[PDB]
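Take a look at this one chain, the form deposited in one PDB entry, written out in structure tokens.
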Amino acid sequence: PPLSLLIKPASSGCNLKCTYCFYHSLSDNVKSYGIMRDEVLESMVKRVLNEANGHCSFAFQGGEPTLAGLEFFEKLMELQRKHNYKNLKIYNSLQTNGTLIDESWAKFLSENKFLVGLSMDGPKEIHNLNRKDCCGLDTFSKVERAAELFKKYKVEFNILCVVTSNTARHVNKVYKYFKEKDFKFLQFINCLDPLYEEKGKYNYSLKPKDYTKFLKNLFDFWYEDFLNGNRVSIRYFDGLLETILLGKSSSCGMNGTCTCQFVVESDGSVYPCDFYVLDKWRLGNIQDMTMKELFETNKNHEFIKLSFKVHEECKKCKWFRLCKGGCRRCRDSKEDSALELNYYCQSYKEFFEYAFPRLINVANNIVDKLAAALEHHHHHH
């Protein structure tokens, strides 16, 4: 089929220590496999190019993927050029904290048509509250520097903003900052508490009541801009529009059930979702097994099967066709247990009662522009 992989080329290694981050190697309660060896990179690229049909996608995350260094990415591009025997279209993307981006990176990413996700939580004070370096110092100016480089070198990028309780209290400041910077492709990621911990216990924790307030305020700002002919693409609202018009969404977590994301750690180990890079969900190694073999594992089958359970409340919900129960990670409360109701169920219900009337209007407005914006959240065209 088409194949899409999420690769951690520096594993969980990172130069920052964001308060809410459970992905980095120096973080809460996460082993690092170091930098992906040339041999593992080559194995992975050739395998995807031989086994994919239609197209394939390589997404580089972590950890901070720029820690693998620019040479790693140059070798990636040489492998893609040499070994794409089927002449597939290849999509490449990079999610980065931005702090190591310089002119050499910006030129490389522009020249090689990468789609970049740049993590920025809002204006200076909001961003710096949680996104601190390993010495505990500020990072916002370095991220702004990366965004300016991306603008100068015409790199395609989205902003990835984590929604903490602070974000929810200050939607106006966040939305206005991104507007001033002319960042028109935004993705708001709900702050997740560490897996299987009791939810809502940290000062940054996004509780359901906070998330309701966030969604309603953000929608009002977005809709106002829409009425005034300023198009701002917000990934969730666009996913709602595409669910309304197409019956399905391009975003994992909006379609009711899980997919195998083919997360590849730097040792070549494979996992089904980036929220689940854990030994009990380790599918195998990409050096040893085909993508089909990995997908066909008992572990993958089970991971996907667990998400098909529909909560009883959802079956009767007026918004079910719109929401579909949300992302499995937001339903996974306890180790080895059946999924519960989405943590944010109440938030979605209240937001939908507030926003559904206006959502249709925009849905009736759209068309090619909506599909194109939605694609920008997924891959470089």
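A residue's number is simply how far along the shown sequence it sits, counting from 1.
One more form of this protein, deposited with a partner chain bound, exists but is not displayed; see below.
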Item checked: Stretch from 142-150, 163-171, 71-79, 109-117 whose residues place a heavy atom within 4.5 Å of the partner chain in the entry with it bound -> 109-117
Margin query: Is it true that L94, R235 and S249, all three, sit within 4.5 Å of the partner chain in the entry with it bound, judged by heavy atoms?
Written below: yes
Item checked: Candidate from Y276, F185, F178, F219 lying within 4.5 Å of the partner chain in the entry with it bound - any heavy atom -> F185
Item checked: Proximity to the partner chain in the entry with it bound, single hit among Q61, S32, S347, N342 (heavy atom within 4.5 Å) -> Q61
Notebook entry, point to check: Does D193 reach the partner chain in the entry with it bound if we count a contact as any heavy atom within 4.5 Å?
Noted result: no
Margin query: So, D210 and the partner chain: in the entry with it bound, are they within 4.5 Å at any heavy atom pair?
Written below: no
Check: Contact between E156 and the partner chain in the entry with it bound at 4.5 Å, heavy atoms?
Finding: yes
Checklist line | Contact flag, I189 vs the partner chain in the entry with it bound, heavy atom cut 4.5 Å | finding: yes
